[PDB]
Every structure is written in structure tokens, then in C-alpha cells.
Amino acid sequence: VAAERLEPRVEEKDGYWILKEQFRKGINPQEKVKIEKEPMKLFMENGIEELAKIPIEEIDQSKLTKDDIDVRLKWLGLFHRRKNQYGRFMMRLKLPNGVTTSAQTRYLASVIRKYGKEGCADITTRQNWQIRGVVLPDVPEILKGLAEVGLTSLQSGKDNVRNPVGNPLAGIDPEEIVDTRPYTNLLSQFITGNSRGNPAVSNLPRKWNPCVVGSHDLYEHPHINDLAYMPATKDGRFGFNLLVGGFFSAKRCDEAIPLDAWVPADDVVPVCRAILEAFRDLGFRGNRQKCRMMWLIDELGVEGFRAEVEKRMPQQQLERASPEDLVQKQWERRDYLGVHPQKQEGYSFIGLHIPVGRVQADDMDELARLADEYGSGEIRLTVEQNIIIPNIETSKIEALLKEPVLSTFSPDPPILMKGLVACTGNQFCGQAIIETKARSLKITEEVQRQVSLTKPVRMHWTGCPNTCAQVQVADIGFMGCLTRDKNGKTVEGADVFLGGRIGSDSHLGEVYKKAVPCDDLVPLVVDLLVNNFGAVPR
């Protein structure tokens, strides 16, 4: 690689970071959008206040404003549902480590409640909240209300650092390696500039996923993150080995690889900044399918990329990885659903199944009430789109198990439901080829009616090749497609994936059978479970 390739391609101008004029040739249309107007100005210069006053019909009449609502607003966590819910916006938070409070939960419920049939909420595969139904004129007031309850929505979509994922059992697990909350909190604060906005990291060539590992279970899926912090001692000090470049896309899926770098715990933020600066400065900004960080790592090689991170460190040093990390390879991933003792004697947590991650305002209020009455007002989200309520005195569990809402959000659903993960799908998402959430529940119910099993089989349903519900990690994965019935009629279908493994012995699954009509999946899945996962016909 020529030394010229290493010239930073962006420059700080008037508080924002912009592509230098010599590096603007051949860019994709998303880069053109960012050049035409800095997305962070919608928040940091209160551009949203004026935008929110313009009728959508008018907004749509010029490129600048249309790009504001369709692209730039994703820097404020607002996602126009142009195709499937025109003029309404999904809103996505920063929720490091999946931790929420009852007050935050009631606040979000109050927002969606206003929108009636256009409103609901969802837990995401990055243990995050999304709310739905938002109209533009309400945005200024929602931004205020979020701030008031201690939340931010900043930089949660498009070319930004996505939700910092941690251990759902952080601080409460007798077997934890290190509490991930301080680190995921610190990263989120760094990314969002303490909720004011951080333009130093908001003009990336592409999205970028971080996680901090604290569990032997690897609940955090470090193998599929752009940056994963693996806890490891080095020379008697606590810190993290660094894995880089994990990603999924329609074109390519790749597991994270070692940077061959270790940092002390206190250097979590400095090294996040260094990697992000390297990516921002040097990343390719052409074909959007070749813009994720791994593509830069392949072009420079890992050592060339590592050198780029090193020079952006303070003291310009980056220690080599420690030979062993703290994660035990001998580990059976633990079920967190149900009632489990905390490390704090006299206390339990409860994992509740949230069917396909979907909740209404009334459900949110009920979960908030349980957290206040039984817990400490805390609710934790998981990447399987479930919840954990921690800090329940164990003597209250008997009363808790009789709560009527636990029949809907169960601490002990059937085993196939425990592992079921499903993306938004075509109810709201404009990229979706099929309906996912309702369909996956129905198929799973019908499959479980036919077979009993003891293995915790994990089934993931995703509505298009963007694979937001990560079908490549599943025991059985279903990727939406259109296909044909026996009469050649168009029907919704799934490509069926097998071979995904999670935890330390991770592996990416691959298509096993293409184009299965969704109405034919039950018998296929019944047979797969009997033949490959030890299921027994009822």
C-alpha cells in the first residue's frame, strides 16, 4: 500500500468532519447527501425545529428536504417509514448495555400511546428500544422528553456507531468476568458527545457496531461486531484484547478477527476513538456494499490497519494482544429466562419472554410497574428481544409468578419460543420482502405443537438479505424471499439457513434450502428438528 493511500480523506471544518475536495470523485449517493448538508446540523444547530414545521407533502418536493427526512434524520435516530407507513417515523435510541428504567419505559409508552393504531414498540437485536408512529411536528418535543428521562436517540442509524452491546447480566451474575456497564456507558457517552452530538465520529463511510464482553456465555456476540472488547489480563493488569471487522451484509458476512492488540481497561475510549478515526480517515466511500470497516482491513492488511490505529493512539503505542483472554472456552450458554439468583444474596432476577420483541403502550406500562413493585425500577433488554428484571428480593418471587401479565410475557415459554428472534419485517420496513413477526410466531407455535425437544434450538427470522435478525448465527435461520407455489403463483418464502453457532465456538450458518414457500415451512422445520436436533414427535 502506497503512503498516499494513508492520507486522511476527511477534514474538520466548522466543527464538522467533511470529505476533502480531492476525495469526492466517484462517491456513492449517501456521501453526496452528507456533503450537501451535514446531518448533525439537524440536532446541533437545531435545524429540526424549522424542518418539523414543513408539511411532508412540501418536504418531498425538494431533494434537500426529502434527504433531510429520509437520510439525515437517522443521525437523530428517526427513520421515515416511507413505503409502509408514509409520514411516520420509527425512533431508535442509544441504550448502552440494554439498560432502561421504569420512568424511561413509561415515557416511551406515553409517546406511542398518542399514536394509537400507528404506534407500538420493539426490542431490537442490539438490546435497544425502537418506538413507532412518531410524526415530524412532535419531534422537537420528543427530543426534549427523552433528554428529561435521561435518554438520547443520537447517531443510532446510517453512518454512525450503533448501540454499544454488553452483558445482559452485568453486575448481577455470580459468574460474570467484568461488569460491562461502565464501558458501554463510556462508549455511548463518547459516541454521542454526552448527548450533545459528536461530529468527530458521525461521518463514517458506513455503520459500525461495538460490543464489550463480560460473560463467558458471550451473550454479546463479539464475533459479529466491528469492534469487540474481549476481557484479558496482560502482564498482571486487567484490560481487553481487540477483535475487529465482524459484520453482516447482503453481499458478505465475516467474523471479527484479532487486531493483535490489548488495551488496559482505562483505554477503552481512546482505542475506540483511534479505530473510528482510522476508519473515518481512510475508508473507501464508493459502492455501499464495500464500505464496512472489514473492507479497509482487507485492503491495508490487518498489520497496515493496526499501524493506523497505533498512530492515532495517545503516546502512539498499542500493546500486542495477550495470549490468553479471560473467557472460558468450556462453557454452556446459560438460559436467562425464568427466575435466577443474583450474586447479591437474597436477590433474584427474572427473564421474561417478549414474543418477537413486540410491545404495546399498555404492555410497557405493565413491565414498568413490575420493575417498580418487584425490582429496583430497572428493565434490561436482551439481543434475543426479551427482558430481564433484576434486583427482586427472592421472597417476592412467589407473588411475582402469579402476576397475570406473566401469562403473556412468560418466565417459562416453550423452548422454541425462548430462542426465537425476528426482525421488523414488512409490517413497517420498506426493504422487507416478507412479513416476519406475526408469521414466525404462527409457524413456531405450530411446529412446537408437533414436537417436543430438550435442546435450546435458536430460530431467527429476517425479512430481507440485510439480515438484521442475524440468520447466520441461528440453528435454523429463515431469510425472506418471494417464491412460487405449485401453480406458479407468487408467494412469500424463506431461504432456510443451518449451521450457525454462538459462544466461543462460533460459526456462520449458510443456506441449506432456497425458496421454501412459507406455507410449507412447518413440515420442513418439524423434520429438521427431529432429524438434527433430537426432537421427538408428540
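Sequential numbering from 1, following the sequence displayed.
Visitor: Identify the stretch, either 385-393 or 299-307, whose C-alpha atoms have the larger mean B-factor according to the entry.
Guide: Taking the mean B-factor of the alpha carbons in each, 299-307 is higher.
Visitor: Per the PDB record, is the mean Cα temperature factor higher over 452-460 or over 214-222?
Guide: Higher mean C-alpha B-factor: 452-460.
Visitor: Highest CA temperature factor in the entry: which of 345, 363, 435, 260?
Guide: Of the options given, 345 has the highest CA B-factor in the PDB entry.
Visitor: With respect to the C-alpha temperature factors reported in the PDB entry, which of 495, 49, 475, 510 ranks highest?
Guide: Max CA B-factor in the entry, restricted to 495, 49, 475, 510: 49.
Visitor: Compare the C-alpha B factor of residue 128 with those of the other modelled residues in its chain, then answer lowest, middle or highest third.
Guide: As the PDB entry reports it, the C-alpha B-factor of residue 128 lands in the lowest third of its chain.
Visitor: Using the B-factors in the PDB entry, rank residue 122's C-alpha atom against the chain and give the third, lowest, middle or highest.
Guide: It falls in the bottom third of the chain.
Visitor: Lowest, middle or highest third of the chain for the C-alpha temperature factor of residue 526?
Guide: Its C-alpha B-factor, which the entry lists for residue 526, ranks in the lowest third among residues of this chain.
Visitor: Among all modelled residues of this chain, ranked by Cα B factor, put residue 75 in the bottom, middle or top third, i.e. lowest, middle or highest.
Guide: Answer is middle: the recorded C-alpha B-factor places it there.
Visitor: Give the position of residue 65 by CA B-factor within its chain, expressed as the lowest, middle or highest third.
Guide: It belongs to the highest third of the chain when residues are ordered by C-alpha B-factor.
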